[PDB]
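Starting off, we have a lone chain in the form deposited in one PDB entry, written out as structure tokens.
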């Protein structure tokens, strides 16, 4: 239909500010696929969305939170040790750099979260976090194993998106925190190759054995409330 219709009687409203602490814990995931043949070649090392769930205290209440971490704007690198069946090769491996973004979707079970409605403005003041790459060994059938090591980026808050999903009957909120990246030390390399001194975070072992990365701070919301 193509119409405009008045659904209620004029009412009174005012803007109210809400400030709340937030703790964002998340982690990456990777997909590593080998090529067939003898076993010296890898076809793909890429980032994959990863979920994390946890609980933390805020204002004397235990808050249960869920996050999903994904990346965008990743860069494709490769390593060609040669065309022989016995030459080490990585056809494609992803690296996040300053032209990439990390997104962390966040939801929590607090009444404050469910009550985010008619939000006019939302700003976040979050600490940065450094994500560093752990080692990843490439187990060749014969010979010493090349090892990817290093790499690091720091994450900096760059906007927040509030999403409200409308299904057959009710509404569910989600916040997406976007992070811009700055490359940091150490650079990454692959032992036993001439690949070294590159900056950014590869997808081989982005969590470096950590159970999660954490970004904490506060965010303020200004919403329209009845007057």
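Rigid core (definition): largest C-alpha set, two forms, superposition within 1.5 Å. Residue numbers count along the first chain shown, from 1.
Keep in mind that the form deposited in another entry is missing from the display, and what follows is about it.
Asker: Which listed residue (130, 117, 84, 139) has a Cα shift of at least 2 Å between the shown form and the other one, rigid core superposed?
Answerer: So the residue whose C-alpha moves 2 Å or more is 117.
Asker: If you line up the core, does residue 165 shift 2 angstroms or more at its C-alpha between the shown form and the other one?
Answerer: It does, since the residue 165 C-alpha is displaced 2 Å or more between the shown form and the other one after the core fit.
Asker: Aligning on the core only, does the CA of residue 36 end up 2 angstroms or more away between the shown form and the other one?
Answerer: The answer is no; the displacement is under 2 Å.
Asker: Would you say residue 211 moves between the shown form and the other one, meaning its CA shifts by 2 Å or more once the core is fitted?
Answerer: No, the C-alpha position differs by under 2 Å between the shown form and the other one.
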